[PDB]
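*Asks:* Let me begin by handing over the structure; questions about it come next.
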Amino acid sequence: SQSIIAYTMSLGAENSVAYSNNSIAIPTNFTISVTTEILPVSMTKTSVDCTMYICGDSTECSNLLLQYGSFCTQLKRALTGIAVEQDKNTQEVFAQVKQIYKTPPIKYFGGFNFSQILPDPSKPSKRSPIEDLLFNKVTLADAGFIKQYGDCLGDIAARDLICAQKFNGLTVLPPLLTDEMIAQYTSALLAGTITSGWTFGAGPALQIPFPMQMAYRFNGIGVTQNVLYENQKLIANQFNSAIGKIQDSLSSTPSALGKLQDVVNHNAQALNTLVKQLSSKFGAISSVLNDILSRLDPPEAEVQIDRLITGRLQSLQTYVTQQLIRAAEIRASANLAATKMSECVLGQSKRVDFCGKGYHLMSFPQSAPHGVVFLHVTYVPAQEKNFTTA
Amino acid sequence: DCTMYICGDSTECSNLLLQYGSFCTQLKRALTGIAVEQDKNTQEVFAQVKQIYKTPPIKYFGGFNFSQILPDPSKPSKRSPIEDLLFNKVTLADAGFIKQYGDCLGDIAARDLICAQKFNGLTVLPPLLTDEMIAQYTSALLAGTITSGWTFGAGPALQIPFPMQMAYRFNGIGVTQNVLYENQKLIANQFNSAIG
Amino acid sequence: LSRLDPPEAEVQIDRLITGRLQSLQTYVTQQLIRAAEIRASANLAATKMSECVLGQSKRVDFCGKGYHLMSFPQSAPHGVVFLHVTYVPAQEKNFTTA
Amino acid sequence: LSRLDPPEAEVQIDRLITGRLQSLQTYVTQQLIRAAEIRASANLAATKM
Amino acid sequence: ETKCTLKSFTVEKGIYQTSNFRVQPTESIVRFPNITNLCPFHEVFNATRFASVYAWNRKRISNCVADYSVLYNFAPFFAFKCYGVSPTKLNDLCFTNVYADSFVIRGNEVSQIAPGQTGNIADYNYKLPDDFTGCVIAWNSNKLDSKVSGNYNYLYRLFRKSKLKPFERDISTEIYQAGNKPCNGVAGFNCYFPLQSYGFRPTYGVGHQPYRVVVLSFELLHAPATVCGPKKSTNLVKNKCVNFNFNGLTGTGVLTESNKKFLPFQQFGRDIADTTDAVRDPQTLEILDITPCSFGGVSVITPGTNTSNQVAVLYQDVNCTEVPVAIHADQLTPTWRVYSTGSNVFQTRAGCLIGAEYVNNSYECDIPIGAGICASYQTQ
Amino acid sequence: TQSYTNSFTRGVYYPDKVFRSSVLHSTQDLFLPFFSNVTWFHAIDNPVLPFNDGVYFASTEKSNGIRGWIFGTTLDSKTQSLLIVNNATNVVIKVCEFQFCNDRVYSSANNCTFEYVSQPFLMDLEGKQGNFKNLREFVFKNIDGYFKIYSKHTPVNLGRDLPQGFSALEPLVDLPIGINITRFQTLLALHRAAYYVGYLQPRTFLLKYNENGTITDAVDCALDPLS
Ligand SMILES: *[C@@H]1O[C@H](CO)[C@@H](O[C@@H]2O[C@H](CO)[C@@H](O)[C@H](O)[C@H]2NC(C)=O)[C@H](O)[C@H]1NC(C)=O
Ligand SMILES: *[C@@H]1O[C@H](CO)[C@@H](O[C@@H]2O[C@H](CO)[C@@H](O)[C@H](O)[C@H]2NC(C)=O)[C@H](O)[C@H]1NC(C)=O
Ligand SMILES: *[C@@H]1O[C@H](CO)[C@@H](O[C@@H]2O[C@H](CO)[C@@H](O)[C@H](O)[C@H]2NC(C)=O)[C@H](O)[C@H]1NC(C)=O
Ligand SMILES: *[C@@H]1O[C@H](CO)[C@@H](O)[C@H](O)[C@H]1NC(C)=O
Ligand SMILES: *[C@@H]1O[C@H](CO)[C@@H](O)[C@H](O)[C@H]1NC(C)=O
Ligand SMILES: *[C@@H]1O[C@H](CO)[C@@H](O)[C@H](O)[C@H]1NC(C)=O
Ligand SMILES: *[C@@H]1O[C@H](CO)[C@@H](O)[C@H](O)[C@H]1NC(C)=O
Ligand SMILES: *[C@@H]1O[C@H](CO)[C@@H](O)[C@H](O)[C@H]1NC(C)=O
Ligand SMILES: *[C@@H]1O[C@H](CO)[C@@H](O)[C@H](O)[C@H]1NC(C)=O
Ligand SMILES: *[C@@H]1O[C@H](CO)[C@@H](O)[C@H](O)[C@H]1NC(C)=O
Ligand SMILES: *[C@@H]1O[C@H](CO)[C@@H](O)[C@H](O)[C@H]1NC(C)=O
Ligand SMILES: *[C@@H]1O[C@H](CO)[C@@H](O)[C@H](O)[C@H]1NC(C)=O
Ligand SMILES: *[C@@H]1O[C@H](CO)[C@@H](O)[C@H](O)[C@H]1NC(C)=O
Ligand SMILES: *[C@@H]1O[C@H](CO)[C@@H](O)[C@H](O)[C@H]1NC(C)=O
Ligand SMILES: *[C@@H]1O[C@H](CO)[C@@H](O)[C@H](O)[C@H]1NC(C)=O
Ligand SMILES: *[C@@H]1O[C@H](CO)[C@@H](O)[C@H](O)[C@H]1NC(C)=O
């Protein structure tokens, strides 16, 4: 009853419009919709040691390696530049506000319920309910700030890949901004947009009641403000439902954060291949430096050691080149997120399809491991009726 | 293909090549990633509409003549007159979806570069979207902007006569709409010449 | 070349050649990557000149901080400098609203 | 292969292998760079559309 | 060291990665099996009846202490031509088994005893595998293996249907069938005896005189060792960084007891690096784990060199509250010993800092150390 | 008589003598293909089966019926031949030029200077009952001289056609006969469901190692597109 079938893909549904000389369709209702957008911002910082990777605890191999000039100062410089760029990437996205704002003790904003996005005091980390599912659905291989050394010897069982990488000179560095003061930046950004509108992104922050700010936001898309006040309560409900079902659609889906996991997977796979490449002969007697040294006299062991050196240098240069290309891609994707934060969050955007689908009203930021998540609140038309026009 | 490119139909060279580790799984992975990215590039540009729209049977839009851009039913490929002069002025070396193998042996004359590449392990893959359903996407995009304005990019499509849409477009740049209606015919001519 | 006969100087010369070719390929590759980065940064400057200078920009934080009014271009060695003139609010007072 | 015995044909075959591997790696690297450029130019077209 | 790494006499403000620190070994140990016999080479080289090439003689060598330097006075050989192992480095290895093959040939055929050869000896008489690991020893014997009337006591195979496989013997006296008529032992026209006599005379010039050949084949693989060179065995030390020479396998590290389950035919252990992980002691038969020496990265934090000469040192990702790597004399590679600064040691999530005191105020970040920690040059 | 049966996943041995744990090592060597045809014989004569690329031998005997095996070419007094005749307590592996027996398993020795003796290969146990029909598996190969033998006794089997599951083989001895082997034969006595034969082929396997250093599973790489 089950089989494999082949077909021709369909472009989509079919629809036809009723264009006529004097006929216009006008909507009579509306919907408030909340979508989500996920953007990578940074990648993992790594460092490599040539002497330990190429010539493990050997003096003859080191003396031979000194004869190749500066083919290892260059790799170190490239990796350091990549690491510093990664540190600078997260400063532009999040550090957009000079000050730190706080929410009032009493939280009543005309009916709108911001419980799912405001920080939770009960949790020790002071993170939103929505930014706890984002932090549990992405699993980092190495955080970096672990000081793991001291237990690789006592693993007893098959040592994990991390110890194998560490013993060969490949290490991972911790980010400068801990993922506890990034959440403080997000809280400051989000607490100054629901108590002051967009005024805090230009000059001093000026307070304003939330319903009047919403009236301004409607007026900015071509609908008069009296529409909001006469339909305030209803609109609030349509917002509260919209948030209520964005958590569930993330909590039960298999993998929605597929953009923020591919980075981790790629970096881990690259390091694993770099480690596995050590057990290759490259056309020599053996792949172990302490074996060809103990079976041949010094004059003719130099040829084999040279083969190993010239294989491993290329094996490492390929890695650094691919890292440079990936870093450039991540930098572009982080510049996009910085622009999106400046335009969608600290203001209202008139560009089509930039800040979500529909007519843009608001946006809220959240932080995820190595990335950012935008909640775009937009206005969609509804039930439409035919009319005759002149 | 590494094995055919480096060590042509040889076993000793293959046995030697096995000693270099994984220097060919990596190249294959890189090329596959590039190919998948190329397939994803054309989906973002064109697949912007969920549905497929169609033009009305009677084509009178207040004087504006869209003949040079709407699809041509007479042509088998259903392509615009302008989208043909662009498909004839660019000549692809290898389309990919040709299944060329079978005639490289019978070329008799000097074999073309394609056979020389093919015999050495370099191949070209065909795109997922044929250049016959891309034109359908373009037709859907273009047929929903002259019968509904910009409304179909936000929510449901809402029809509106073309002159009123043009009046809205003028009003959006700081010129009152009464300028259009009092100079409608003239404007239409200036459009028809501009396409012509 | 002056210490070995031609048959066995070729090995040493081949070593030198195969070292220097790699030494030069690394340079050209890094140059290509840097050139791509500079091209992106130049496209941004072209857009900024078209939008800030030849018009008024409504995008937030694009053409300087505040409410954009004007922009003036200047040329520097291998680069451009923008002077953004913006309008910032000032002394504010409380009021009761309905 | 048909002019030398197996022990000393391995050196020549190794030379050929190590030349062709580099000849192919250069190609894949340039392809990656060009693909990144095309991706940027396609993102621009998506925004423009 | 910072001024040395980047070639200048002046250093700008920042943090620089200089080098790594390692812990040096303090002792060396050697462990070889418990054997004392002296297995005979004098019964191979010193003989009278060296066998024919087509039926070559093979002898197997077992538990003994081999010494490949007392066999230089057994034959006028000028030198050993060796393929897998250098002849000099033969007294420091342990092999599972050794095989000695002896025969006698002509001079100009001596070049045929080598991997990947072809001829009348490497095809139908004696073949060596392409991956041979061992040595050959050939020397002239014209004084003994020659006669005025000829020496018709050595024979060699001349005709065979197919080439031999390596290390294969083919003693058989059949009648070759080279032609059409299936001869039944007549050995007449187009049917020859496969073995040819190999007569020798003292008058023949070099290259036509007998040469006595003996080849030694070793087994340099992973298995219990049986034939070893004459090196003494020291004691065993654990939980201390040392140099080890376990049965010809040399290295450095820390040796500790093991929980692994080596089977009786197992002898070594490996992780996914093609490097050894656990070793079985030759005289104790207990499993030992090998762990690399303590190492780490060192960074130097300095203000501008035109402001002050003071620095701070960051040890990257170490527990210096427990691993301060304080040494005496020669036990560690960076030899400056910046330690003993009093209450000026800090433990950061990115490692630990020596030479800077932690204040409990907050300032703008000047020099990024990491994990939300910065450092700066300030007044008191 | 004789018939054909399926081998399922059966006949995997340890490629080398290195301890490994929690890995997915892949080895190319002589192995018995998965889901192949093994010839099951009966006894109540004793055909001289061909030998090539090694042989996998399986038997399910009550106590003992099989003494040993004979190797060589033409099995006569003109070429050298092996003898692995077993004993109550020993093994008489030797290489010689035996002449015949046509039923001691030889008449005379012509040019014979090789012998070897060690512990017996066959080991059996019973839980005070003969229902513990232990299945004995052996693998023989002749790569570059150096006769390799692997073996394993699995007493957990009950036996109807062939066990279903997975198991491994451990080496016994390596020894330099240095002869040409083409034919094969079995030696078995009389009395007062077993003897399955299969052939090995050069194949690539991917083996999965346990946390205790044992081999738990293996996948062939020339059987299916999925494999
Ligand atoms: C516009 O749409 C909303 C939502 O669909 C309508 O509100 C619903 O009204 C019905 C009947 O009054 C109730 O049963 C639903 O519970 C309402 N939904 C919500 C979310 O409160 C609203 O009536 C529509 N407006 C018009 C003019 O039809
Ligand atoms: C704002 O939203 C929160 C979250 O949905 C509401 O809190 C929930 O209220 C329901 C109904 O009483 C309870 O069943 C849930 O257990 C509550 N969850 C949490 C996390 O408190 C809250 O009632 C809403 N209104 C406010 C805060 O005024
Ligand atoms: C719309 O434009 C088309 C294309 O220019 C016009 O069709 C042409 O009309 C001229 C004048 O009669 C002919 O000489 C051409 O041969 C026509 N070309 C084609 C391709 O049909 C058309 O008349 C214009 N007006 C409409 C369609 O109402
Ligand atoms: C619209 O008006 C034009 C011009 O009179 C006419 O040709 C066309 O048929 C009209 N449309 C419909 C649907 O009748
Ligand atoms: C580092 O030292 C602290 C303090 O003793 C200890 O709690 C922690 O477990 C240590 N970490 C490691 C990896 O040894
Ligand atoms: C408007 O009229 C057209 C033609 O009669 C019809 O197809 C369309 O459904 C109508 N619109 C609505 C909202 O009913
Ligand atoms: C492929 O087969 C079809 C059907 O016979 C034939 O028309 C076509 O010419 C073939 N193509 C090639 C390249 O041989
Ligand atoms: C407005 O009133 C609040 C509360 O009394 C006060 O904190 C704030 O400073 C006032 N604003 C100004 C500009 O004085
Ligand atoms: C073997 O050694 C003995 C004693 O040293 C000596 O008399 C004899 O000549 C030697 N044999 C040969 C063939 O050198
Ligand atoms: C073994 O004997 C067979 C049969 O005569 C023959 O085909 C084969 O070549 C022989 N093997 C060797 C290595 O000579
Ligand atoms: C080594 O052999 C000698 C002689 O039999 C014995 O006395 C000694 O105990 C042995 N040592 C070890 C460690 O087996
Ligand atoms: C100073 O910092 C220490 C560090 O934990 C803290 O215990 C102490 O309370 C702080 N004192 C003041 C006055 O800030
Ligand atoms: C075994 O041989 C029979 C023929 O007797 C054949 O039908 C069957 O397919 C073979 N088994 C396999 C697995 O190929
Ligand atoms: C079998 O073993 C016994 C004792 O081990 C011995 O006396 C007897 O000779 C052996 N027989 C054979 C045929 O090996
Ligand atoms: C085998 O032994 C017989 C008996 O003396 C002898 O004639 C023959 O030469 C021997 N053959 C070999 C190869 O030793
Ligand atoms: C390994 O052996 C231990 C006995 O110490 C046992 O508990 C464990 O289950 C074994 N591992 C597996 C995978 O069965």
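Each chain of the structure tokens is named A, B, ... in the order shown, its residues numbered from 1; ligands are numbered from 1 in display order.
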Report as a PDB file with N, CA, C and O atoms, in the first residue's frame the set of chain F residues whose atoms approach chain A to within 10 Å, with distances computed over only C-alpha atoms.

*Replies:*
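The new file selection22.pdb reads:
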```
ATOM      1  N   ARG F  20      39.912  -1.569  19.489  1.00  0.00           N
ATOM      2  CA  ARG F  20      39.175  -0.379  19.095  1.00  0.00           C
ATOM      3  C   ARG F  20      37.846  -0.350  19.834  1.00  0.00           C
ATOM      4  O   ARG F  20      37.286  -1.395  20.168  1.00  0.00           O
ATOM      5  N   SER F  21      37.342   0.856  20.082  1.00  0.00           N
ATOM      6  CA  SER F  21      36.116   1.017  20.850  1.00  0.00           C
ATOM      7  C   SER F  21      35.358   2.243  20.366  1.00  0.00           C
ATOM      8  O   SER F  21      35.937   3.327  20.257  1.00  0.00           O
ATOM      9  N   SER F  22      34.066   2.062  20.088  1.00  0.00           N
ATOM     10  CA  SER F  22      33.167   3.140  19.672  1.00  0.00           C
ATOM     11  C   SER F  22      33.661   3.816  18.391  1.00  0.00           C
ATOM     12  O   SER F  22      33.897   5.023  18.344  1.00  0.00           O
ATOM     13  N   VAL F  23      33.811   3.010  17.340  1.00  0.00           N
ATOM     14  CA  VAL F  23      34.240   3.487  16.030  1.00  0.00           C
ATOM     15  C   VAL F  23      33.432   2.772  14.955  1.00  0.00           C
ATOM     16  O   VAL F  23      32.658   1.856  15.232  1.00  0.00           O
ATOM     17  N   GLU F 211      31.239  -0.690  22.923  1.00  0.00           N
ATOM     18  CA  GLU F 211      31.957   0.031  23.964  1.00  0.00           C
ATOM     19  C   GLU F 211      32.930  -0.857  24.724  1.00  0.00           C
ATOM     20  O   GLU F 211      33.737  -0.340  25.501  1.00  0.00           O
ATOM     21  N   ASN F 212      32.864  -2.172  24.525  1.00  0.00           N
ATOM     22  CA  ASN F 212      33.768  -3.118  25.159  1.00  0.00           C
ATOM     23  C   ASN F 212      34.771  -3.712  24.180  1.00  0.00           C
ATOM     24  O   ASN F 212      35.472  -4.668  24.530  1.00  0.00           O
TER      25      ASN F 212
END
```

*Asks:* Kindly provide, as a list in words, all nucleotide and amino acid residues lying within 7 Å of ligand 10, counting only C-alpha atoms and all ligand atoms.

*Replies:* residues 162, 163, 164 and 165 of chain E; 73, 180, 181 and 182 of chain F

*Asks:* Counting only C-alpha atoms and all ligand atoms, name the residues that have an atom within 10 Å of an atom of ligand 3; the answer should be given as number ranges by chain.

*Replies:* B: 59-61, 63-68, 72, 81, 192-193, 195-196

*Asks:* Store the residues of this selection in a file with N, CA and C atoms, as a PDB file, in the first residue's frame.

*Replies:*
```
ATOM      1  N   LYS B  59      -8.916  42.371 -23.489  1.00  0.00           N
ATOM      2  CA  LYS B  59      -7.760  43.152 -23.066  1.00  0.00           C
ATOM      3  C   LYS B  59      -7.932  44.595 -23.536  1.00  0.00           C
ATOM      4  N   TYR B  60      -8.575  45.404 -22.697  1.00  0.00           N
ATOM      5  CA  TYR B  60      -8.690  46.844 -22.912  1.00  0.00           C
ATOM      6  C   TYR B  60      -8.484  47.520 -21.566  1.00  0.00           C
ATOM      7  N   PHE B  61      -7.348  48.187 -21.396  1.00  0.00           N
ATOM      8  CA  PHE B  61      -6.956  48.764 -20.117  1.00  0.00           C
ATOM      9  C   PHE B  61      -6.905  50.285 -20.184  1.00  0.00           C
ATOM     10  N   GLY B  63      -6.462  52.202 -22.756  1.00  0.00           N
ATOM     11  CA  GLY B  63      -5.646  52.755 -23.815  1.00  0.00           C
ATOM     12  C   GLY B  63      -4.234  52.218 -23.795  1.00  0.00           C
ATOM     13  N   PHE B  64      -3.795  51.753 -22.632  1.00  0.00           N
ATOM     14  CA  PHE B  64      -2.455  51.206 -22.502  1.00  0.00           C
ATOM     15  C   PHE B  64      -2.372  49.861 -23.209  1.00  0.00           C
ATOM     16  N   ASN B  65      -1.300  49.668 -23.965  1.00  0.00           N
ATOM     17  CA  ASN B  65      -1.109  48.486 -24.797  1.00  0.00           C
ATOM     18  C   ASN B  65      -0.004  47.635 -24.185  1.00  0.00           C
ATOM     19  N   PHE B  66      -0.384  46.489 -23.616  1.00  0.00           N
ATOM     20  CA  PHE B  66       0.548  45.566 -22.981  1.00  0.00           C
ATOM     21  C   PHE B  66       0.875  44.371 -23.868  1.00  0.00           C
ATOM     22  N   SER B  67       0.791  44.538 -25.188  1.00  0.00           N
ATOM     23  CA  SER B  67       0.988  43.409 -26.090  1.00  0.00           C
ATOM     24  C   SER B  67       2.416  42.884 -26.048  1.00  0.00           C
ATOM     25  N   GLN B  68       3.396  43.767 -25.881  1.00  0.00           N
ATOM     26  CA  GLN B  68       4.798  43.380 -25.955  1.00  0.00           C
ATOM     27  C   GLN B  68       5.291  42.633 -24.726  1.00  0.00           C
ATOM     28  N   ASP B  72       2.320  35.156 -25.359  1.00  0.00           N
ATOM     29  CA  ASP B  72       1.790  34.990 -26.702  1.00  0.00           C
ATOM     30  C   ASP B  72       1.237  33.583 -26.855  1.00  0.00           C
ATOM     31  N   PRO B  81       6.803  38.541 -26.699  1.00  0.00           N
ATOM     32  CA  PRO B  81       7.702  38.968 -27.781  1.00  0.00           C
ATOM     33  C   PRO B  81       9.022  39.523 -27.278  1.00  0.00           C
ATOM     34  N   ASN B 192       2.905  53.940 -24.901  1.00  0.00           N
ATOM     35  CA  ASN B 192       2.952  52.996 -26.012  1.00  0.00           C
ATOM     36  C   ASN B 192       4.205  53.195 -26.851  1.00  0.00           C
ATOM     37  N   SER B 193       4.605  54.448 -27.066  1.00  0.00           N
ATOM     38  CA  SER B 193       5.866  54.707 -27.746  1.00  0.00           C
ATOM     39  C   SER B 193       7.043  54.181 -26.939  1.00  0.00           C
ATOM     40  N   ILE B 195       7.431  51.703 -24.822  1.00  0.00           N
ATOM     41  CA  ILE B 195       7.631  50.272 -25.021  1.00  0.00           C
ATOM     42  C   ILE B 195       8.052  49.989 -26.457  1.00  0.00           C
ATOM     43  N   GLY B 196       7.450  50.690 -27.417  1.00  0.00           N
ATOM     44  CA  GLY B 196       7.696  50.377 -28.814  1.00  0.00           C
ATOM     45  C   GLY B 196       9.153  50.485 -29.208  1.00  0.00           C
TER      46      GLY B 196
END
```

*Asks:* List as a ChimeraX atom specification the protein and nucleic acid residues lying within 9 Å of ligand 7, with only C-alpha atoms and all ligand atoms counted.

*Replies:* /B:98-103

*Asks:* Selected residues, N, CA and C atoms, written as a PDB file, in the first residue's frame, please.

*Replies:*
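Output contents, as saved in result-v5.pdb:
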```
ATOM      1  N   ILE B  98      20.317  17.366 -21.926  1.00  0.00           N
ATOM      2  CA  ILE B  98      20.445  16.932 -23.308  1.00  0.00           C
ATOM      3  C   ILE B  98      20.708  15.437 -23.452  1.00  0.00           C
ATOM      4  N   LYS B  99      21.230  14.762 -22.424  1.00  0.00           N
ATOM      5  CA  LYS B  99      21.607  13.350 -22.521  1.00  0.00           C
ATOM      6  C   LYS B  99      22.462  13.108 -23.762  1.00  0.00           C
ATOM      7  N   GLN B 100      23.562  13.860 -23.863  1.00  0.00           N
ATOM      8  CA  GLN B 100      24.308  13.928 -25.114  1.00  0.00           C
ATOM      9  C   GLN B 100      24.981  12.605 -25.447  1.00  0.00           C
ATOM     10  N   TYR B 101      25.281  11.790 -24.437  1.00  0.00           N
ATOM     11  CA  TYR B 101      26.063  10.581 -24.663  1.00  0.00           C
ATOM     12  C   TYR B 101      25.392   9.689 -25.698  1.00  0.00           C
ATOM     13  N   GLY B 102      26.188   9.218 -26.654  1.00  0.00           N
ATOM     14  CA  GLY B 102      25.685   8.398 -27.736  1.00  0.00           C
ATOM     15  C   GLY B 102      26.120   8.890 -29.099  1.00  0.00           C
ATOM     16  N   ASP B 103      26.584  10.140 -29.167  1.00  0.00           N
ATOM     17  CA  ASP B 103      27.033  10.731 -30.419  1.00  0.00           C
ATOM     18  C   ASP B 103      28.477  11.210 -30.394  1.00  0.00           C
TER      19      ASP B 103
END
```

*Asks:* Fewer than 3 positions away in the same chain doesn't count, so skip those; otherwise give me all residues within 7 Å of region 234-247 of chain A, counting only C-alpha atoms, as an NGL selection string.

*Replies:* :A and (32-34 or 111-113 or 130 or 231 or 250-251)

*Asks:* I need the residues from that last selection saved to file as a compact mmCIF listing (two decimals), in the first residue's frame (with N, CA, C and O atoms), if you can.

*Replies:*
```txt
# COMPACT_ATOMS: atom_id res chain seq x y z
N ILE A 32 -4.79 40.66 12.52
CA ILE A 32 -3.47 40.98 13.06
C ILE A 32 -2.66 39.70 13.08
O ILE A 32 -3.04 38.73 13.74
N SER A 33 -1.54 39.68 12.36
CA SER A 33 -0.76 38.46 12.20
C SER A 33 0.65 38.67 12.74
O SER A 33 1.22 39.76 12.63
N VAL A 34 1.20 37.61 13.32
CA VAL A 34 2.55 37.63 13.88
C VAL A 34 3.34 36.50 13.24
O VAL A 34 2.96 35.33 13.35
N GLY A 111 -4.66 46.27 27.52
CA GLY A 111 -5.25 44.99 27.18
C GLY A 111 -4.25 44.05 26.54
O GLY A 111 -4.42 42.83 26.57
N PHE A 112 -3.20 44.62 25.95
CA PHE A 112 -2.17 43.81 25.31
C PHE A 112 -1.35 43.09 26.37
O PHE A 112 -0.95 43.68 27.38
N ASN A 113 -1.09 41.81 26.14
CA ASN A 113 -0.41 40.94 27.09
C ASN A 113 0.98 40.63 26.55
O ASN A 113 1.11 39.87 25.58
N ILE A 130 9.73 32.67 25.76
CA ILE A 130 10.02 32.33 24.37
C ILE A 130 11.52 32.20 24.14
O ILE A 130 11.97 31.28 23.45
N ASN A 231 -12.48 49.70 17.83
CA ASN A 231 -12.24 48.26 17.79
C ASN A 231 -11.03 47.89 18.63
O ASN A 231 -10.26 47.00 18.28
N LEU A 250 6.60 26.58 17.77
CA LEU A 250 8.02 26.32 17.95
C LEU A 250 8.29 25.16 18.89
O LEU A 250 9.30 24.47 18.72
N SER A 251 7.41 24.92 19.86
CA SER A 251 7.68 23.90 20.87
C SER A 251 7.46 22.48 20.36
O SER A 251 8.11 21.56 20.87
```

*Asks:* Per residue of chain A within 6 Å of ligand 5, record the nearest atom pair and its distance in Å to one decimal, counting only C-alpha atoms and all ligand atoms, with rows in chain order and ascending residue number, as CSV.

*Replies:*
```
residue,atom,partner,partner_atom_place_in_ligand_line,distance
A:147,CA,ligand 5,13 (C),5.5
A:148,CA,ligand 5,13 (C),4.6
A:149,CA,ligand 5,13 (C),5.4
A:150,CA,ligand 5,14 (O),4.8
```

*Asks:* Write to file, as a compact mmCIF listing (two decimals), in the first residue's frame, the residues of the selection just made, with C-alpha atoms.

*Replies:*
```txt
# COMPACT_ATOMS: atom_id res chain seq x y z
CA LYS A 147 38.09 24.89 31.04
CA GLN A 148 37.57 21.23 30.17
CA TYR A 149 41.17 20.14 30.71
CA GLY A 150 41.49 17.84 33.70
```

*Asks:* Counting only C-alpha atoms, what are the residues of chain C within 10 Å of chain D, and for each of them which pair of atoms is the nearest and at what distance in Å, to one decimal? Sort the table by chain and rising number, as CSV.

*Replies:*
```
residue,atom,partner,partner_atom,distance
C:18,CA,D:19,CA,9.9
C:22,CA,D:22,CA,9.7
C:25,CA,D:26,CA,9.0
C:29,CA,D:30,CA,8.6
C:32,CA,D:33,CA,8.2
C:33,CA,D:33,CA,7.7
C:36,CA,D:37,CA,7.8
C:39,CA,D:37,CA,9.9
C:40,CA,D:40,CA,9.1
```

*Asks:* Write out as a PyMOL selection string which residues come within 10 Å of region 172-187 of chain E when counting only C-alpha atoms, dropping same-chain ones fewer than 3 positions away.

*Replies:* (chain E and resi 54-55+157-161+169+190-195) or (chain F and resi 78-80)

*Asks:* Name all residues at most 6 Å from region 175-190 of chain A (count only C-alpha atoms; drop same-chain ones fewer than 5 positions away) and give them as a PyMOL selection string.

*Replies:* (chain A and resi 100-101) or (chain E and resi 370-372)

*Asks:* Give me, as a Markdown table, the closest atom pair and its distance (Å, one decimal) for every residue of chain E within a cut-off of 8 Å of ligand 12, counting only C-alpha atoms and all ligand atoms, rows sorted by chain and rising number.

*Replies:*
```
| residue | atom | partner | partner_atom_place_in_ligand_line | distance |
| --- | --- | --- | --- | --- |
| E:359 | CA | ligand 12 | 2 (O) | 6.6 |
| E:360 | CA | ligand 12 | 2 (O) | 4.3 |
| E:361 | CA | ligand 12 | 14 (O) | 6.7 |
```

*Asks:* Return as a ChimeraX atom specification the residues belonging to chain E that are within 10 Å of chain F, counting only C-alpha atoms.

*Replies:* /E:58,60,99,129,164-174,221-223,260-272,276-279

*Asks:* Hey, which residues come within 10 Å of ligand 6 if we count only C-alpha atoms and all ligand atoms? Could you give them as a list in words?

*Replies:*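 For ligand 6, the residues inside 10 Å are residues 16, 17, 18, 19, 20, 23, 24, 25, 26, 27, 383, 384, 385, 386 and 387 of chain A; 158 and 159 of chain B.
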
*Asks:* Those residues you just picked out, can you put them in a file as a short mmCIF file (atom, residue, chain, number, x, y, z; two decimals), in the first residue's frame with C-alpha atoms?

*Replies:*
```
data_model
loop_
_atom_site.label_atom_id
_atom_site.label_comp_id
_atom_site.auth_asym_id
_atom_site.auth_seq_id
_atom_site.Cartn_x
_atom_site.Cartn_y
_atom_site.Cartn_z
CA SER A 16 -8.59 34.37 -11.76
CA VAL A 17 -9.43 38.02 -11.13
CA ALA A 18 -12.65 39.80 -12.14
CA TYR A 19 -11.24 42.97 -13.71
CA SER A 20 -13.93 45.28 -15.09
CA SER A 23 -15.82 47.69 -10.27
CA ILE A 24 -13.68 47.84 -7.14
CA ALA A 25 -13.37 45.48 -4.18
CA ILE A 26 -13.00 46.92 -0.68
CA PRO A 27 -12.31 44.98 2.54
CA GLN A 383 -13.60 40.02 4.01
CA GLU A 384 -14.03 42.11 0.87
CA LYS A 385 -17.10 43.24 -1.04
CA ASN A 386 -17.74 44.39 -4.61
CA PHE A 387 -18.73 47.96 -5.41
CA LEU B 158 -8.67 43.21 -4.96
CA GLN B 159 -9.55 44.31 -8.48
#
```
